Amino acid sequence: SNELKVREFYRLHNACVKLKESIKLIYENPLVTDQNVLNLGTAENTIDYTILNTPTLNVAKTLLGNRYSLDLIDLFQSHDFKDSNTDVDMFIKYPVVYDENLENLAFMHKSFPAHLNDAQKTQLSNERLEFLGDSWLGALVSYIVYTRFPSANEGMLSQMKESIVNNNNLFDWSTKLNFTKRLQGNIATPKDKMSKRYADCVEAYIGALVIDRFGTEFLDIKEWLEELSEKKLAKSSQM
Amino acid sequence: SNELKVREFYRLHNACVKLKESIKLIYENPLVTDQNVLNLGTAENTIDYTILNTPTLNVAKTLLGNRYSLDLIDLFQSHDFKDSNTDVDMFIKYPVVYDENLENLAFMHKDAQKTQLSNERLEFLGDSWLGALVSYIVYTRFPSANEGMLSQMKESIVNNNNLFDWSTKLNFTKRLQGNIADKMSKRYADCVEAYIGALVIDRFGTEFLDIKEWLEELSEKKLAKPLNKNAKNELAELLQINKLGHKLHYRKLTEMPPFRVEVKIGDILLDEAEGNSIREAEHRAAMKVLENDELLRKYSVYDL
Ligand SMILES: [Mg+2]
Ligand SMILES: [Mg+2]
């Protein structure tokens with residue numbers, strides 16, 4: 001309930017961050033502004049007609065033509081909106097999962113081999129999330145080193161990424177994030193096997209964050225990859 | 001520039017798709033709807049209070065309050081806006097990279113400028129993101145599969161063999177050709193990954209920004225990045241017999257692992273070194289003196 005309000009706050013704040021980013025792209029797109037710097041209406045086939053009559057241009061032009069009434073960029077500044085810091089941050093340690101169940105699923109230890117069927121066992125183990133979080137930790141970190149070191153070659157980027165995403169470092173993260181006080185249960189813990197399961201949770205948690213945040217930003221790539229993969233994915237034989 | 005209009009169009013459309021999605025989240029958020037389902041109260045020292053006074057809630061409420069004038073959801077519906085399809089699609093073959101030079105880079109093979117003239121960094125990025133997107137595809141598509149199954153499905157998609165077939169279907173073969181008419185096969189797979197990398201560069205916005213910034217914060221330390229055993233003895237040759245006639249010795253200050261040792265002649269301090277083991281400090285402390293030409297001239301008997 002208090003947890004719920006904080007969760008819904010970050011859902012809302014992240015939607016505001018995206019709205020702000022997107023309206024700026026819309027207000028400023030060269031196809032939309034009256035200067036027509038790309039010379040729409042100059043093509044000698046129907047391509048310009050097509051572009052001009054899309055829902056996209058219609059919507060964008062209506063938005064741009066409404067700024068006198070409500071200018072969304074000015075709206076955000078008016079209220080000192082900040083993308084990366086909010087007054088609510090003091091109530092959290094790390095980024096928030098919107099869905100409490102998803103978050104809990106992330107800390108649930110995969111038990112090795114009565115009483116539940118295996119389709120609901122997957123809903124009681126962080127192993128799927130770990131699978132996803134592992135992949136996304138890799139992609140985000142690769143993005144970090146790519147943009148952070150524009151001059152580095154692949155060897156450098158790879159070495160740097162590995163020093164970050166390896167299980168040892170992830171155990172240090174789990175320590176930094178107090179994932180220990182998160183795994184306190186009935187049985188005490190008084191390692192090798194240990195460090196690993198902690199690292200799994202760090203990955204699982206990233207998995208949860210991704211599930212909650214995945215929207216439309218990479219949707220066109222996702223849908224494309226999915227269409228290309230369709231024959232392979234239909235071989236869902238090992239299901 | 002016919003190319004430019006199309007590139008800018010998909011940049012715009014994707015911004016519109018994101019605006020549509022975001023505005024729906026804002027209009028409908030529990031903290032924002034007038035039915036106050038979560039029950040924000042007016043008590044002063046609470047999260048309720050903190051939330052109610054954020055830039056975020058003020059922006060959200062203003063937006064919701066402006067629907068009567070322009071309802072963004074209505075606006076999209078009234079123009080028949082569609083997220084995944086447009087009439088411009090007839091003019092392209094696969095998702096568009098917004099940045100023409102970035103696209104070209106994706107198709108270039110192999111000092112800091114050399115790095116900017118091959119697709120190897122893009123391939124590095126795209127490999128990662130291809131993996132992430134496919135992992136997301138299988139996870140969501142098969143909610144009852146286990147890690148073992150998800151990995152196997154994903155591997156069957158992201159392996160170099162399959163990527164090679166994609167490059168064929170996408171005609172990346174033609175794009176790689178130039179002046180000069182599984183090795184070559186891997187080069188094609190690399191293009192597919194690099195192109196995915198370029199798509200990602202162009203689209204990466206704020207959707208995963210809070211995660212990204214958090215990871216960078218945790219990562220900062222990882223990102224921000226001798227000894228002479230003939231030292232103690234090479235000192236003795238010079239200083240054991242000295243112009244003071246006093247004893248060259250070493251003195252220990254920290255008896256625990258953070259060891260500190262002073263090199264001295266009688267009461268006179270030559271130098272110090274905080275070594276790990278007593279005998280390494282002594283050597284490094286000597287090292288410092290061995291370099292100090294003025295000290296050696298002052299106390300040494302001979303002349304170098
Ligand atoms: Mg793992
Ligand atoms: Mg590769």
# chains A, B, ... in the order shown; residues from 1 in each chain; ligands from 1
$ select_by_dssp --residues "stretch 45-155 of chain A" --states "alpha helix (DSSP H)" --output "number ranges by chain"
A: 47-52, 55-64, 72-78, 100-107, 118-121, 127-148, 154-155
$ write_last_selection --atoms "C-alpha atoms" --output "mmCIF file, in the first residue's frame"
data_model
loop_
_atom_site.group_PDB
_atom_site.id
_atom_site.type_symbol
_atom_site.label_atom_id
_atom_site.label_comp_id
_atom_site.auth_asym_id
_atom_site.auth_seq_id
_atom_site.Cartn_x
_atom_site.Cartn_y
_atom_site.Cartn_z
ATOM 1 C CA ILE A 47 5.804 8.819 -51.568
ATOM 2 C CA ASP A 48 5.371 12.376 -50.265
ATOM 3 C CA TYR A 49 1.590 12.144 -50.579
ATOM 4 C CA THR A 50 1.790 8.896 -48.512
ATOM 5 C CA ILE A 51 3.908 10.445 -45.792
ATOM 6 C CA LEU A 52 1.704 13.572 -45.620
ATOM 7 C CA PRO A 55 -1.946 9.114 -39.134
ATOM 8 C CA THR A 56 1.579 9.858 -37.870
ATOM 9 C CA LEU A 57 1.916 13.214 -39.631
ATOM 10 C CA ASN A 58 -1.720 14.056 -38.910
ATOM 11 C CA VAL A 59 -1.253 13.466 -35.184
ATOM 12 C CA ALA A 60 2.146 15.160 -35.031
ATOM 13 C CA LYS A 61 0.889 18.274 -36.811
ATOM 14 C CA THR A 62 -2.154 18.516 -34.518
ATOM 15 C CA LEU A 63 0.218 18.281 -31.534
ATOM 16 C CA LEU A 64 2.580 20.922 -32.898
ATOM 17 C CA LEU A 72 4.299 20.113 -23.281
ATOM 18 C CA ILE A 73 8.005 20.979 -23.178
ATOM 19 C CA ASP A 74 7.228 24.185 -21.199
ATOM 20 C CA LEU A 75 4.922 22.184 -18.951
ATOM 21 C CA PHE A 76 7.807 19.988 -17.731
ATOM 22 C CA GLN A 77 10.170 22.881 -17.093
ATOM 23 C CA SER A 78 7.357 24.819 -15.411
ATOM 24 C CA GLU A 100 5.366 -6.941 -6.277
ATOM 25 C CA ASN A 101 4.944 -10.538 -7.466
ATOM 26 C CA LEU A 102 7.536 -10.200 -10.192
ATOM 27 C CA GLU A 103 9.912 -8.697 -7.620
ATOM 28 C CA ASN A 104 9.400 -11.568 -5.184
ATOM 29 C CA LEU A 105 9.804 -14.137 -7.943
ATOM 30 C CA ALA A 106 13.286 -12.689 -8.480
ATOM 31 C CA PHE A 107 14.504 -13.679 -5.016
ATOM 32 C CA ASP A 118 6.256 -28.059 -13.286
ATOM 33 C CA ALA A 119 4.337 -25.310 -15.129
ATOM 34 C CA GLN A 120 3.723 -23.636 -11.768
ATOM 35 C CA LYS A 121 7.202 -24.495 -10.525
ATOM 36 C CA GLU A 127 15.538 -19.126 -13.050
ATOM 37 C CA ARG A 128 13.546 -17.729 -16.011
ATOM 38 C CA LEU A 129 14.133 -14.195 -14.783
ATOM 39 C CA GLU A 130 17.817 -14.990 -14.335
ATOM 40 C CA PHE A 131 17.920 -16.210 -17.920
ATOM 41 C CA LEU A 132 16.375 -12.896 -19.078
ATOM 42 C CA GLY A 133 18.285 -10.678 -16.646
ATOM 43 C CA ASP A 134 21.604 -12.217 -17.620
ATOM 44 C CA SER A 135 20.992 -11.345 -21.269
ATOM 45 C CA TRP A 136 19.799 -7.801 -20.497
ATOM 46 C CA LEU A 137 22.619 -7.096 -18.030
ATOM 47 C CA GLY A 138 24.882 -8.013 -20.949
ATOM 48 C CA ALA A 139 23.104 -5.708 -23.406
ATOM 49 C CA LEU A 140 22.872 -2.736 -21.031
ATOM 50 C CA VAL A 141 26.537 -3.080 -19.945
ATOM 51 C CA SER A 142 27.627 -3.457 -23.596
ATOM 52 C CA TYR A 143 25.703 -0.252 -24.286
ATOM 53 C CA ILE A 144 27.418 1.412 -21.363
ATOM 54 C CA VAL A 145 30.944 0.574 -22.531
ATOM 55 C CA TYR A 146 30.172 1.257 -26.199
ATOM 56 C CA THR A 147 28.980 4.812 -25.539
ATOM 57 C CA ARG A 148 31.361 5.409 -22.679
ATOM 58 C CA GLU A 154 36.082 -4.939 -29.356
ATOM 59 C CA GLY A 155 38.846 -6.542 -27.297
#
$ residues_around --residues "residue A:5" --least-positions-apart "2" --cutoff "8 Å" --atoms "only C-alpha atoms" --output "number ranges by chain"
A: 1-3, 7-9; B: 31, 38, 48
$ interface_residues --of "chain B" --to "chain A" --cutoff "6 Å" --atoms "only C-alpha atoms" --output "ChimeraX atom specification"
/B:13,15,18-19,22,55-56,79,81,112,115,121,125,128-129,132,135,144,147,206
$ closest_residue --among "B:57, B:218, B:23, B:290" --to "residue A:175" --atoms "only C-alpha atoms"
B:218
$ residues_near_ligand --ligand "ligand 2" --cutoff "8 Å" --atoms "only C-alpha atoms and all ligand atoms" --output "ChimeraX atom specification"
/B:123-124,127,160,186,189-190,193
$ write_last_selection --atoms "C-alpha atoms" --output "short mmCIF file (atom, residue, chain, number, x, y, z; two decimals), in the first residue's frame"
data_model
loop_
_atom_site.label_atom_id
_atom_site.label_comp_id
_atom_site.auth_asym_id
_atom_site.auth_seq_id
_atom_site.Cartn_x
_atom_site.Cartn_y
_atom_site.Cartn_z
CA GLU B 123 28.84 -6.17 -33.84
CA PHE B 124 29.89 -6.32 -30.21
CA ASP B 127 25.42 -9.38 -30.51
CA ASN B 160 26.09 -17.96 -36.68
CA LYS B 186 30.90 -15.43 -40.29
CA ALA B 189 26.52 -13.06 -39.44
CA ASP B 190 28.64 -10.15 -38.16
CA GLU B 193 24.64 -8.25 -35.48
#
$ decode --residues "stretch 28-56 of chain B" --atoms "N, CA, C and O atoms" --output "PDB file, in the first residue's frame"
ATOM      1  N   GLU B  28      -4.101   7.073 -16.830  1.00  0.00           N
ATOM      2  CA  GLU B  28      -4.771   5.996 -16.110  1.00  0.00           C
ATOM      3  C   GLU B  28      -4.100   5.582 -14.807  1.00  0.00           C
ATOM      4  O   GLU B  28      -4.567   4.672 -14.134  1.00  0.00           O
ATOM      5  N   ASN B  29      -3.004   6.240 -14.460  1.00  0.00           N
ATOM      6  CA  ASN B  29      -2.271   5.859 -13.276  1.00  0.00           C
ATOM      7  C   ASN B  29      -3.150   6.097 -12.041  1.00  0.00           C
ATOM      8  O   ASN B  29      -3.831   7.111 -11.940  1.00  0.00           O
ATOM      9  N   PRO B  30      -3.137   5.143 -11.109  1.00  0.00           N
ATOM     10  CA  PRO B  30      -3.862   5.173  -9.829  1.00  0.00           C
ATOM     11  C   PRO B  30      -3.601   6.443  -9.016  1.00  0.00           C
ATOM     12  O   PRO B  30      -4.524   6.978  -8.427  1.00  0.00           O
ATOM     13  N   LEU B  31      -2.358   6.916  -8.982  1.00  0.00           N
ATOM     14  CA  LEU B  31      -2.044   8.148  -8.270  1.00  0.00           C
ATOM     15  C   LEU B  31      -2.704   9.376  -8.898  1.00  0.00           C
ATOM     16  O   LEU B  31      -2.755  10.442  -8.283  1.00  0.00           O
ATOM     17  N   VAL B  32      -3.207   9.227 -10.119  1.00  0.00           N
ATOM     18  CA  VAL B  32      -3.654  10.376 -10.907  1.00  0.00           C
ATOM     19  C   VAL B  32      -5.171  10.415 -11.095  1.00  0.00           C
ATOM     20  O   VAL B  32      -5.756  11.486 -11.196  1.00  0.00           O
ATOM     21  N   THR B  33      -5.799   9.247 -11.174  1.00  0.00           N
ATOM     22  CA  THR B  33      -7.243   9.164 -11.369  1.00  0.00           C
ATOM     23  C   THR B  33      -7.959   9.747 -10.158  1.00  0.00           C
ATOM     24  O   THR B  33      -7.515   9.558  -9.026  1.00  0.00           O
ATOM     25  N   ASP B  34      -9.067  10.447 -10.389  1.00  0.00           N
ATOM     26  CA  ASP B  34      -9.756  11.152  -9.309  1.00  0.00           C
ATOM     27  C   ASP B  34     -10.414  10.234  -8.274  1.00  0.00           C
ATOM     28  O   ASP B  34     -10.789  10.680  -7.187  1.00  0.00           O
ATOM     29  N   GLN B  35     -10.545   8.957  -8.610  1.00  0.00           N
ATOM     30  CA  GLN B  35     -11.128   7.991  -7.687  1.00  0.00           C
ATOM     31  C   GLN B  35     -10.151   7.578  -6.582  1.00  0.00           C
ATOM     32  O   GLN B  35     -10.517   6.816  -5.684  1.00  0.00           O
ATOM     33  N   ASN B  36      -8.911   8.063  -6.663  1.00  0.00           N
ATOM     34  CA  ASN B  36      -7.927   7.875  -5.594  1.00  0.00           C
ATOM     35  C   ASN B  36      -7.950   6.453  -5.020  1.00  0.00           C
ATOM     36  O   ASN B  36      -8.093   6.268  -3.809  1.00  0.00           O
ATOM     37  N   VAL B  37      -7.808   5.452  -5.889  1.00  0.00           N
ATOM     38  CA  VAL B  37      -7.899   4.052  -5.457  1.00  0.00           C
ATOM     39  C   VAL B  37      -6.842   3.650  -4.426  1.00  0.00           C
ATOM     40  O   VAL B  37      -7.075   2.762  -3.605  1.00  0.00           O
ATOM     41  N   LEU B  38      -5.682   4.295  -4.478  1.00  0.00           N
ATOM     42  CA  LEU B  38      -4.594   3.975  -3.561  1.00  0.00           C
ATOM     43  C   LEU B  38      -4.735   4.732  -2.242  1.00  0.00           C
ATOM     44  O   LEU B  38      -4.098   4.385  -1.243  1.00  0.00           O
ATOM     45  N   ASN B  39      -5.580   5.760  -2.256  1.00  0.00           N
ATOM     46  CA  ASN B  39      -5.899   6.547  -1.066  1.00  0.00           C
ATOM     47  C   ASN B  39      -4.789   7.480  -0.589  1.00  0.00           C
ATOM     48  O   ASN B  39      -4.338   7.383   0.555  1.00  0.00           O
ATOM     49  N   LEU B  40      -4.354   8.378  -1.469  1.00  0.00           N
ATOM     50  CA  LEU B  40      -3.448   9.444  -1.076  1.00  0.00           C
ATOM     51  C   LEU B  40      -4.147  10.386  -0.092  1.00  0.00           C
ATOM     52  O   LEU B  40      -5.191  10.973  -0.405  1.00  0.00           O
ATOM     53  N   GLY B  41      -3.569  10.525   1.100  1.00  0.00           N
ATOM     54  CA  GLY B  41      -4.120  11.397   2.121  1.00  0.00           C
ATOM     55  C   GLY B  41      -3.353  12.702   2.225  1.00  0.00           C
ATOM     56  O   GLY B  41      -2.393  12.926   1.499  1.00  0.00           O
ATOM     57  N   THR B  42      -3.774  13.568   3.136  1.00  0.00           N
ATOM     58  CA  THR B  42      -3.156  14.879   3.253  1.00  0.00           C
ATOM     59  C   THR B  42      -2.185  15.006   4.439  1.00  0.00           C
ATOM     60  O   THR B  42      -1.775  16.124   4.774  1.00  0.00           O
ATOM     61  N   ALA B  43      -1.822  13.876   5.059  1.00  0.00           N
ATOM     62  CA  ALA B  43      -0.904  13.880   6.211  1.00  0.00           C
ATOM     63  C   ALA B  43       0.513  14.311   5.824  1.00  0.00           C
ATOM     64  O   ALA B  43       1.102  13.790   4.871  1.00  0.00           O
ATOM     65  N   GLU B  44       1.069  15.229   6.605  1.00  0.00           N
ATOM     66  CA  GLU B  44       2.270  15.962   6.215  1.00  0.00           C
ATOM     67  C   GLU B  44       3.600  15.225   6.145  1.00  0.00           C
ATOM     68  O   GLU B  44       4.406  15.496   5.257  1.00  0.00           O
ATOM     69  N   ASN B  45       3.864  14.308   7.057  1.00  0.00           N
ATOM     70  CA  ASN B  45       5.189  13.677   7.037  1.00  0.00           C
ATOM     71  C   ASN B  45       5.087  12.238   6.529  1.00  0.00           C
ATOM     72  O   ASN B  45       5.372  11.283   7.243  1.00  0.00           O
ATOM     73  N   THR B  46       4.637  12.094   5.289  1.00  0.00           N
ATOM     74  CA  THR B  46       4.348  10.777   4.732  1.00  0.00           C
ATOM     75  C   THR B  46       4.808  10.688   3.290  1.00  0.00           C
ATOM     76  O   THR B  46       5.156  11.696   2.679  1.00  0.00           O
ATOM     77  N   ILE B  47       4.817   9.477   2.746  1.00  0.00           N
ATOM     78  CA  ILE B  47       5.096   9.315   1.336  1.00  0.00           C
ATOM     79  C   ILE B  47       3.977   9.949   0.510  1.00  0.00           C
ATOM     80  O   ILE B  47       4.240  10.511  -0.554  1.00  0.00           O
ATOM     81  N   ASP B  48       2.736   9.868   1.002  1.00  0.00           N
ATOM     82  CA  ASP B  48       1.611  10.502   0.316  1.00  0.00           C
ATOM     83  C   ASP B  48       1.963  11.944   0.034  1.00  0.00           C
ATOM     84  O   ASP B  48       1.832  12.431  -1.094  1.00  0.00           O
ATOM     85  N   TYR B  49       2.406  12.632   1.075  1.00  0.00           N
ATOM     86  CA  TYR B  49       2.713  14.042   0.938  1.00  0.00           C
ATOM     87  C   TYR B  49       3.845  14.229  -0.065  1.00  0.00           C
ATOM     88  O   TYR B  49       3.739  15.053  -0.965  1.00  0.00           O
ATOM     89  N   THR B  50       4.925  13.467   0.090  1.00  0.00           N
ATOM     90  CA  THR B  50       6.081  13.589  -0.804  1.00  0.00           C
ATOM     91  C   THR B  50       5.681  13.387  -2.271  1.00  0.00           C
ATOM     92  O   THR B  50       6.062  14.171  -3.133  1.00  0.00           O
ATOM     93  N   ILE B  51       4.915  12.328  -2.531  1.00  0.00           N
ATOM     94  CA  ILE B  51       4.384  12.027  -3.861  1.00  0.00           C
ATOM     95  C   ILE B  51       3.533  13.172  -4.422  1.00  0.00           C
ATOM     96  O   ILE B  51       3.732  13.602  -5.560  1.00  0.00           O
ATOM     97  N   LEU B  52       2.602  13.674  -3.613  1.00  0.00           N
ATOM     98  CA  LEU B  52       1.664  14.706  -4.060  1.00  0.00           C
ATOM     99  C   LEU B  52       2.345  15.998  -4.464  1.00  0.00           C
ATOM    100  O   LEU B  52       1.791  16.780  -5.233  1.00  0.00           O
ATOM    101  N   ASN B  53       3.544  16.225  -3.943  1.00  0.00           N
ATOM    102  CA  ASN B  53       4.281  17.444  -4.256  1.00  0.00           C
ATOM    103  C   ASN B  53       5.426  17.325  -5.271  1.00  0.00           C
ATOM    104  O   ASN B  53       6.196  18.267  -5.442  1.00  0.00           O
ATOM    105  N   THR B  54       5.551  16.182  -5.938  1.00  0.00           N
ATOM    106  CA  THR B  54       6.598  16.020  -6.962  1.00  0.00           C
ATOM    107  C   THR B  54       6.245  16.745  -8.259  1.00  0.00           C
ATOM    108  O   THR B  54       5.078  16.832  -8.626  1.00  0.00           O
ATOM    109  N   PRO B  55       7.255  17.266  -8.968  1.00  0.00           N
ATOM    110  CA  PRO B  55       7.025  17.663 -10.365  1.00  0.00           C
ATOM    111  C   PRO B  55       6.155  16.647 -11.139  1.00  0.00           C
ATOM    112  O   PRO B  55       5.254  17.041 -11.885  1.00  0.00           O
ATOM    113  N   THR B  56       6.413  15.358 -10.934  1.00  0.00           N
ATOM    114  CA  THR B  56       5.720  14.294 -11.649  1.00  0.00           C
ATOM    115  C   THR B  56       4.195  14.337 -11.513  1.00  0.00           C
ATOM    116  O   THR B  56       3.467  14.296 -12.514  1.00  0.00           O
TER     117      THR B  56
END
